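Shown below, as C-alpha cells, is a lone chain in the form deposited in one PDB entry; questions about how it binds or moves come after it.
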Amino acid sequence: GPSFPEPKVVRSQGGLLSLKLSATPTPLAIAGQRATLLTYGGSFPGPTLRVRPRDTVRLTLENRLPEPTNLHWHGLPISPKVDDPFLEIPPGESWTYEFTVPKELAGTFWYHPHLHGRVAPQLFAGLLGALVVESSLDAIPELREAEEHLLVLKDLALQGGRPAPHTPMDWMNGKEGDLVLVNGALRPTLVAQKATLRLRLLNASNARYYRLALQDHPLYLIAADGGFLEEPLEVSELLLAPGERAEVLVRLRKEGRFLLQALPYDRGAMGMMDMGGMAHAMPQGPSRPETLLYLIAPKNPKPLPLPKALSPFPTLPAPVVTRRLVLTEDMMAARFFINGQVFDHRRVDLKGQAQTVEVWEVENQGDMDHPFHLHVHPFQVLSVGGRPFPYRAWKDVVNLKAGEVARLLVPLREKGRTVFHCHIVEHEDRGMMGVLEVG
C-alpha cells in the first residue's frame, strides 16, 4: 500500500453521496496488534466522505452496537432537525440522515456519536470519520499543485484486545491513550513527492491535545475548523484541541527527515497523591512529547509560492445580544457545569433569533483546559484571554485555558433546538452541556 496510510475516500457522484454505514464491532489490525474496535464502515478511522457545496448527502447509519448511538455532523451548519443531538438509534435499527451541503462552505469536518452519557466510550473505541467539503478555491494553482493528505489525530489504549475501559479518573480528566496514532497508524512515514504539502488536520481524540510542530519548519495556516482564513498565516507551532480542525501548507525547505511532533502541553489533567496525610489532587503536568509521523522531503525541494489570498471573511451584521457562559468543575465528583448547571435535555438554556448575530463570552473558571463547542452555528473567535485572534475564519470549537475568556461572534443560522458543550467528551457526558433554541 501507499507508504502513508489514509482512510478510504467516498465521493459524491453526480451531486449525490448515498451511502449505508454500519456501526459495528470490528476485528482489525491496529499498530501491529489485533484488536476489536467499534467502527464505521469496517475501518478505523471510518471512511472519509468527500463532497462539494450543494451536494445531497444521504447517509443511512445502521446500528450494530449493543447500545444506542447516533451521529453528530460536527461543524456542518445544517438543521438540528437533521444533525439531531437528541435522537437515539436503538441497537439493530437504522436511521437515514439527509441534507444538502451549504453553498458557502469549505474545509475539514467530521462525524462521530453524540448520545449523551455514551459519547466518550463510543468515540474512544473508534467511532469517527472525516468529511471534506471541496471548494473552487482548491483549483487555484498554489493549492492544486500541492500534495494533499488528511491526518486524523487520535490516540488509543488497548486492554485484552479491546479499547481500555474508562476509569473514574478518566471521567474526570478525559481519557488519553498510550498509542498516539495518525490515521490509525503508529508513527507512519510520509515520503513527500512534492515540495509543498497541503495537510488537513483533525483532532478526533477524546481529550488529548496536539501541540503540533514540524522540525525545522513553520506551518502556514490556511483553514480553521469551518473554513478558510483570509490569507495564509505563518505559525511556529499549532495547538489542536479535541474536536478542532486546521489546514496547513508545509513548504519543505531541504532534503531530509523531519519529525512532526506533539510537543509537551499541560492541559491541566490531574492525578492523586498521598504524601503523609495528603490523599489529594495533584497536577499531571505537561504531556510527554510524541512523534506523530516521519516526513521525508523530496530531492531539491522547490516549494510553490503561497497563495496571496484565500477567502474573504463575511462582513457580519451588528450583534443584538451578549451572552455569558461560565464553565466550572467539581473534579473529585467528575461533574462539570455551565453557569452552575449540568445538562438537562428538557431544559432550554438560551433562546435566540435566527439570522441575528450574538456575542458569546465563554469564561473558563476551572483549572483544566476546556474546548468549547457549539453545534449548528459556526462562530468567529474575536479574542481569547484578552488577546485578539490573529485571523478571521469560521470555527466551531474554541479552547480556553484556566481563567480565560473567549469572545465569539455567533451568527444564528438554522432554527431549532441544539446544544453547546465541552469537547472533552467525558465532560459533556458528565454534564458540561446546555441547550440553545433558535427561533
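So that the term is clear: the rigid core is the largest set of C-alpha atoms that superpose within 1.5 Å between two forms. Only residues modelled in both forms are compared. Start at 1 and count along the sequence shown; that's the residue number.
Separately, the form deposited in another entry exists; it is not shown, and the next lines address it.
Enquirer: Superpose on the rigid core, then report which one of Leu316, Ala333, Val320, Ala279 has a CA displacement of at least 2 angstroms between the shown form and the other one.
Expert: So the residue whose C-alpha moves 2 Å or more is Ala279.
Enquirer: Closer or farther apart in the other entry, the C-alpha atoms of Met278 and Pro286, for a change of 3 Å or more?
Expert: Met278 and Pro286 sit closer together in the other entry.
Enquirer: Please check whether, in the other entry, the CA atoms of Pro286 and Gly277 lie closer or farther apart than here, given a change of 3 Å or more.
Expert: Between the C-alphas of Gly277 and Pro286, the gap narrows in the other entry (3 Å or more compared with this form).
Enquirer: Send over the list of consecutive residue runs, 3+ long, where the C-alpha shift is 2 angstroms or more at every position between the shown form and the other one on a core fit.
Expert: Runs found: 1 to 3, 274 to 282, listed by sequence.
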